[PDB]
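Starting off, we have a lone chain in the form deposited in one PDB entry, written out as C-alpha cells.
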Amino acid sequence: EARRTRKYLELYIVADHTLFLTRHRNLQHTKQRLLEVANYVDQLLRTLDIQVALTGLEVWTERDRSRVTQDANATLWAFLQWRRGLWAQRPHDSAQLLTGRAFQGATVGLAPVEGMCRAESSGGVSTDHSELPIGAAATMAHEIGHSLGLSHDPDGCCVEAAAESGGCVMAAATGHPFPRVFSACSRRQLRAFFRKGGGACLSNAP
C-alpha cells in the first residue's frame, strides 16, 4: 500500500453572545463547548484525510462583534466581513461561528460554496442545536464540506454508515443520530477539488 499525504485545516472557532448567555455566562464552559465541538469536527473531517488544527478560540462575552440575526445568510456575511480583520491578526484557514440563536427558515448552518481559503468567504455559521456536541459538529463539518466544494450525497452514495449509525455528513437531511463519516463519493469529490487547485491553504502542517 501507500500513505496518503495528510491535509490540515487551521480552524478558528467563535461563540457568539447568545451562546455565551445560554451557557450561563460561563466563559470556561463556553470555551469547553467550542473545544468539544471542534473535537467532533476533527473526527468527522479525518474520514476525509483532513486533520483539524485549532488556531484560536474566542467568546463574545459582552457584545457580538458582527450582527447575528434570524437571517442566516445576513449573519454569515456579516461574520465573514468581521473575519477579515481577525485573519490579519490571527491567520487561519477557516473561521466558524457557533451561535446560540436559531435561524428563520429551518436553516441550521450555512457557508459559501467553494470558498475555502478565500479571503472573503472562508467561514461558516452553525447553530448549537443539540444537547450533544456532535450535533453542531456534524452541521459545521457539512458546511466545511460545502466550503470544499462538496455536494450533497447522491442516491446510493454512503454505504459506510446506516441509519442508526447516523449516515454520512453530506446527507441532505439532518438530525439525530448524527453522521460520523463522509461518504466515498465525498472523498472522491474532495481529491478532485484539491487536484484542481482548490483548498490550497490546507497544505501546511501547523
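So that there is no doubt, residue numbering starts at 1 and follows the sequence shown.
Note that the form deposited with a small molecule bound isn't included here; everything after this is about it.
Peer 1: Mind checking whether each of 54, 83 and 92 has a heavy atom within 4.5 Å of the small molecule in the deposited complex?
Peer 2: No, because 54, 83 and 92 lack any heavy atom that approaches the small molecule to within 4.5 Å in the deposited complex.
Peer 1: Any idea which of 164 to 172, 25 to 33, 60 to 68, 46 to 54 reaches within 4.5 Å of the small molecule in the deposited complex, heavy atoms considered?
Peer 2: Of the stretches listed, the one contacting the partner is 164 to 172.
Peer 1: Decide whether residue 108 counts as a contact residue for the small molecule in the deposited complex under a heavy atom distance cut-off of 4.5 Å.
Peer 2: Within the cut-off, so yes.
Peer 1: Could you confirm whether residue 146 comes within 4.5 Å of the small molecule in the deposited complex, counting heavy atoms only?
Peer 2: Residue 146 belongs to the contact set for the small molecule.
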